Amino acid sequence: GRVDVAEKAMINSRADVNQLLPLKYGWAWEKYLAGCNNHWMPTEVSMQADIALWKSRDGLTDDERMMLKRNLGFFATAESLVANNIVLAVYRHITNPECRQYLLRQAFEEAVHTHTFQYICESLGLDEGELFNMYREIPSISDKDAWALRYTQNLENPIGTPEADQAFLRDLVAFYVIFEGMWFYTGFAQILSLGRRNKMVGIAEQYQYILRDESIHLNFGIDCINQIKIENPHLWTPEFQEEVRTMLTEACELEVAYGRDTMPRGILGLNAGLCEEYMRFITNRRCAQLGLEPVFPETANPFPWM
């Protein structure tokens, strides 16, 4: 009574989920190997330059500091939200050992990312309460997290029905495509912009590591949605496609509101309009990766260096 590859599935599989071999989803196994080879620790990056620039007076404009605090405050608790969604929602529904294997890698990388913001907070001497509670004090940040949390909560408060599998797909889109593949990429562009100006390079280097992990996290999650679409064609209905297109649209309006609140006035080489262009370009890119009609007109990448 050993497991055959035909018995294994992304969701609602009857095969023994405790048996890794034989592998069916090689693409999932490949991501796990790539994630492991990207081992890094935030304490490996020196913060001396960033600490000096932070404590100094002329080091950063008041707009740059606020942009930095809002970005850090958003990322500090967002990584925990993604990690909790993996554990409490994604892991249960993916009935596949090799995919769960990568989820364990991804979850741990979220702990490294969370570690990165404890290290930044402790290094720069930031207020822990102000930074980690920022996602309940700032409306622009709170609206983004509350919006993504609903798709996590909806799974927990509903047995393999089409509505159930569609609700799980909404969760994968909200966290892999939107949270990690859109909101984080926009926040990455803001911080890396300072790094390109040789400002807060220690924070920027850690963001480069997080972005490398984030690229695999997104790549895996798109593959999951696409792999689930292959095995469950009945789930990718025209109504659900418009649901996902609508989710991307709201998520962009939440980030526009966030970008405006984070950068009232644009800083050197960065503003809310350019971030609106990048978010609009990335969103269209996510639509193409999901086989979705783009929600915006053709938009160039304002940051081709990302």
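When you see a residue number, it is the position in the sequence shown, counting from 1.
Sequence continuity check, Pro158 and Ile159 (deposited residues unmodelled):
Gap size class: 1 to 3 residues without coordinates, per the record.
Which has higher Cα B-factors on average according to the PDB entry: 138-146 or 159-167?
Taking the mean C-alpha B-factor of 159-167 and of 138-146, the larger value falls to 159-167.
Segment of higher mean CA temperature factor, 25-33 or 268-276
It is 268-276 that shows the higher mean C-alpha B-factor.
Which one of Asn219, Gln106, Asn85, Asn198 shows the top CA temperature factor in the record?
Spelled out: the listed residue with the top C-alpha B-factor is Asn198.
Given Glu98, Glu214, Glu110, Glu122, identify the residue with the highest C-alpha B factor in the PDB entry.
So the option with the highest C-alpha B-factor is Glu122.
When the modelled residues of the chain are sorted by Cα temperature factor, does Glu64 land in the lowest, middle or highest third?
Within its chain, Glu64 is a middle-third residue by C-alpha B-factor, going by the deposited values.
Could you look up the Cα B-factor of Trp236 in the entry and say which third of the chain it sits in: lowest, middle or highest?
Ranked within chain, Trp236 CA B lands in the highest tercile.
Lowest, middle or highest third: where is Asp127 by Cα B-factor in its chain?
Its C-alpha B-factor belongs to the highest third of this chain's values.
Ranked C-alpha temperature factor of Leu53 among modelled chain residues, by third:
It falls in the top third of the chain.
CA B-factor ranking of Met47, expressed as a third of its chain:
For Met47, whose C-alpha B-factor we compare with every modelled residue in the chain, the answer is the highest third.
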